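One-letter residues, chain by chain:
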Amino acid sequence: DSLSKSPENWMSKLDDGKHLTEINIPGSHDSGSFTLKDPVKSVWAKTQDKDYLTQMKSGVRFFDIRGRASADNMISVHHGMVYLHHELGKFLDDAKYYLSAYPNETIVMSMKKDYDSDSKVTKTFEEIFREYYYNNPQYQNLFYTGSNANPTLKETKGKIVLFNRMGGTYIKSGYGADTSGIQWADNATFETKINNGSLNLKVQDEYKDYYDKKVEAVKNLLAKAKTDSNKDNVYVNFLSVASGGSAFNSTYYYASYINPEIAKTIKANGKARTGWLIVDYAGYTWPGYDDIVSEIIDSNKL
């Protein structure tokens, strides 16, 4: 059977001497937005329909958490202005549970401030994350804390590896975990060095593209990963795109085209490096069309 027939424990079947960078990983964009039900707001604000545990069971390993500091000891999960009805501890507890049941999987968690803090907040978003989550004894042992800038599957499995989109941090483990953080270019394909120059991060995050240009931008970065065997290069390729608003087509409508288009492309490339591909509506299938999460999973070499 191929890896995608067992999406709950697919990383356990790989060689754990691999660097996480060399693994083709399915992520979910604004992972926490499964809570949204409002049909008008959901056109633009909702990007997932499966909860965190169901996403994990479906093979998702990269989680894009964007947040707002709602108190000096709390981060609320957000899409922009829009509160996603739970705090960061919910994601971390779900992750902890999953990883105890599937201990040979790693999860990478991107962390970003998406909206201004509650006006009662006195601390920076990075201080709140560092002090109340990363260093919280409640999540002792859950996070990767090693000093390797380019960690392997073996030293990260059973743990959450920070992908830091907070800016400069005092945290010292994970991607972009230094006092410069990650220089993100807005609505762009870009590359930048991270981890004190140890890694070259290559991103496609052209989130306002219309779908034809979006597909072209995805495929361009997909074509570059394919011929690149450098473990010090890290690819993050977002298939997700903004809706123009509630008058306009939904994020779901776009994903319903982009996902099978990209899944078909990956499948026709066979076993080939993809990078980390971050999708809307992870695990959402359409009869007669390739499934993007499954194809990312099956693109890994055994």
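The rules behind the values
Residues numbered from 1 in each chain as written, not as in the entry; some residues may be left out. Heavy atoms only, no water. UniProt positions renumbered as here; feature names shortened; annotations may be inferred. Helix = DSSP H or I, 4+ residues; strand = E, 2+ residues; numbered from the N terminus. Buried < 20%, exposed > 50% of the residue type's maximum accessible area, 1.4 Å probe, protein only. Polar contact = N/O pair within 3.5 Å; in protein donor to acceptor, adjacent residues only side chain to side chain. Contact = heavy atoms within 4.5 Å. Salt bridge = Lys/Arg side-chain N within 4 Å of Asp/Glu carboxyl O.

Per the deposited record, X-ray crystallography is how this structure was determined, to a resolution of 1.85 Å.

Per the PDB entry, the protein goes by the name 1-phosphatidylinositol phosphodiesterase and belongs to Staphylococcus aureus subsp. aureus. In its Function section, the UniProt record describing the protein reads: "Cleaves glycosylphosphatidylinositol (GPI) and phosphatidylinositol (PI) anchors but not PI phosphates. Potential virulence factor." Under the Subcellular location heading, UniProt states for the protein: "Secreted".

Engineer: Lay out the side chain of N150 in plain terms, naming residues and giving numbers.
Structural biologist: Note that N150 resides in the loop between helix 4 (125–134) and helix 5 (153–156). For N150, a relative accessible area of 6% gives the class buried. Separated by 3.1 Å, the side chains of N150 and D232 make a polar contact. Beyond its immediate chain neighbours, meaning those up to four positions away, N150 contacts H19, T21, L199, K231 and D232.

Engineer: Could you give an account of the pattern of salt bridges, with specific residues and numbers?
Structural biologist: Where charged atoms of side chains with opposite charge meet at close range, the side chains can pair. Following the criterion strictly, the structure yields 15 salt bridges and no others. We note a salt bridge from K112 to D114, for which the minimum N-O separation is 3.0 Å. Across the pair, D114 and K112 agree in class, each one buried. For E261, the salt bridge identified is with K264, shortest N-O distance 3.0 Å. In this pair, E261 and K264 both sit in helix 7 (residues 251–269), three residues apart, roughly one turn of the helix. The exposure class assigned to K264 is partly exposed, which follows from its relative accessible area of 46%. Put simply, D16, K154 and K157 are held in one network by salt bridges that share partners.

Engineer: Let's hear about the UniProt feature "domain: PI-PLC X-box" in the protein: which residues, and what values?
Structural biologist: Here, UniProt's "domain: PI-PLC X-box" annotation points to residues 16–165. With 25% helix and 26% strand, residues 16–165 has end C-alpha atoms that lie 26 Å from one another.

Engineer: Before we move on, could you go through the environment of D64 and cite the residues and values that matter?
Structural biologist: Residue placement: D64 occurs in strand 2 (residues 62–71). A relative accessible area of 1% places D64 in the buried class. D64 sits 126 residues away from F190 along the chain, and the two C-alpha atoms are 18 Å apart. Ignoring any residue separated from it by four or fewer positions in sequence, one finds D64 in contact with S28, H29, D30, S31, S110, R165 and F238.

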